[PDB]
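Below you'll find the structure, written out as structure tokens, and then a few comments.
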Amino acid sequence: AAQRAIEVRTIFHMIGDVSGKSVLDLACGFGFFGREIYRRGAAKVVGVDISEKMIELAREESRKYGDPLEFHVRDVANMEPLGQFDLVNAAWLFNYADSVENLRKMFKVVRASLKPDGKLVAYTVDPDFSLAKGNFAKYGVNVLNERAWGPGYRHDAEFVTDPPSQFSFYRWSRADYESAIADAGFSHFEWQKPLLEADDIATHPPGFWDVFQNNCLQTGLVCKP
Ligand SMILES: Nc1ncnc2c1ncn2[C@@H]1O[C@H](CSCC[C@H](N)C(=O)O)[C@@H](O)[C@H]1O
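Positions in the sequence shown are counted from 1; adding 20 to them yields full-length UniProt numbering.
Written as structure tokens, this is what we have:
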């Protein structure tokens with residue numbers, strides 16, 4: 021999966037120095053980002069996922085490496101309050117909101133989870149992605165279709181793995197994201213193009229990254245109270 025290196029680089033560029041910070045890792049899966057955030061010096065990391073199966077995995081991972089991550093099974097859109105943190109990290113949370121209403125609830129939960137000087141770092145589907153402009157299979161995500169779903173779009177996809185793992189997500193428009201951000205009470209936000217570097221260009225055949233730059237499936241997003 022060639023895209024994961026760039027995603028990790030972009031996320032940690034947005035996060036910056038985590039030393040001594042408290043961190044809430046939303047849609048945490050098995051804990052990849054929260055666990056690495058801790059490795060780089062975070063004071064405290066809490067992970068939340070809606071899947072009991074994923075949290076069971078995430079807890080076994082922390083047992084294997086002996087790290088102090090704490091995990092919770094919760095639906096972020098309807099989340100029991102969990103305190104306030106210096107940093108909320110949300111890699112692949114918002115594209116699982118199945119309605120604009122649910123996207124807006126998620127941004128409100130995030131804002132309630134933030135200290136006044138805190139920040140949200142998020143990775144999500146670029147609203148401008150258009151399936152016709154090029155698939156993302158060569159970067160690790162095979163987008164199979166694109167269907168209108170209310171004011172947004174539904175995509176069925178699969179990770180280019182063995183076996184290829186199927187999943188489904190939602191692409192909400194930039195205007196709906198920015199409305200959810202503003203109405204949740206974030207005074208500032210910035211979209212972050214993924215940090216494709218000269219080193220990436222040099223280590224791949226010419227033009228390998230053209231579709232990635234012309235029709236990126238991913239985007240970063242940083243919001244501050
Ligand atoms: N409403 C919701 N609340 C919390 N977690 C959710 C959710 N909808 C989907 N998820 C979780 O979000 C995850 C997306 S996969 C991303 C996992 C991890 N952040 C990583 O980057 O590796 C899945 O584990 C899924 O269970």
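All C-beta atoms, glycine included, are put in the ideal place defined by N, C-alpha and C.
Within 8 Å, strictly: CB atoms of residue i and residue j
| i | j | result |
| --- | --- | --- |
| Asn235 | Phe149 | yes |
| residue 248 | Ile35 | Summary: the structure shown does not reach residue 248, with the chain confined to residues 21 through 245, and so no result is reported for it. |
| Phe91 | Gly51 | yes |
| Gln212 | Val242 | yes |
| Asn155 | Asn162 | yes |
| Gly205 | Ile31 | no |
| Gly40 | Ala21 | no |
| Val38 | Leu134 | no |
| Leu46 | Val28 | no |
| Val96 | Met74 | no |
Bridge partners - residue i, DSSP secondary structure assignment
| i | result |
| --- | --- |
| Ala47 | The partner list for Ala47 (beta bridge, DSSP) is empty, contrary to what the question assumes. |
| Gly67 | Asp45 and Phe91 |
| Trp211 | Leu241 |
| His175 | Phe189 |
| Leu134 | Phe105 |
Check: residue i C-beta below 7 Å from any heavy atom of ligand 1
| i | result |
| --- | --- |
| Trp112 | yes |
| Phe52 | yes |
| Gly86 | no |
| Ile201 | no |
| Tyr159 | no |
| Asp176 | no |
| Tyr58 | no |
| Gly49 | yes |
| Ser188 | no |
| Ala97 | yes |
| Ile70 | yes |
Endpoints, the beta strand (DSSP E) within which residue i is located
| i | result |
| --- | --- |
| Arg60 | Element bounds for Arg60: n/a, residue is neither H nor E. |
| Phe189 | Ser185 to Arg191 |
| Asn162 | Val161 to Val163 |
Distance cut-off 7 Å: residue i Cβ against heavy atoms of ligand 3
| i | result |
| --- | --- |
| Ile35 | For ligand 3, the structure offers nothing, since it holds only ligand 1. |
Delimiting residues of the alpha helix (DSSP H) encompassing residue i
| i | result |
| --- | --- |
| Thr30 | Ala22 to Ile35 |
| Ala195 | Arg194 to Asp203 |
| query | So, do the region 99 to 108 and the region 182 to 189 have three or more beta carbon pairs nearer to each other than 8 Å? | reply | Verdict: no, contact absent.
| task | Would you check if there are 3 or more beta carbon pairs closer than 8 Å linking the region 127 to 147 to the region 69 to 86? | result | no
| Counting Cβ pairs, one atom from each stretch, are 3 or more of them under 8 Å apart for the region 220 to 231 and the region 168 to 175? | No: the two stretches stay apart, fewer than three of their Cβ pairs being nearer than 8 Å.
| Quick one: any contact between the region 83 to 90 and the region 54 to 67, if contact means 3 or more CB pairs under 8 Å? | yes
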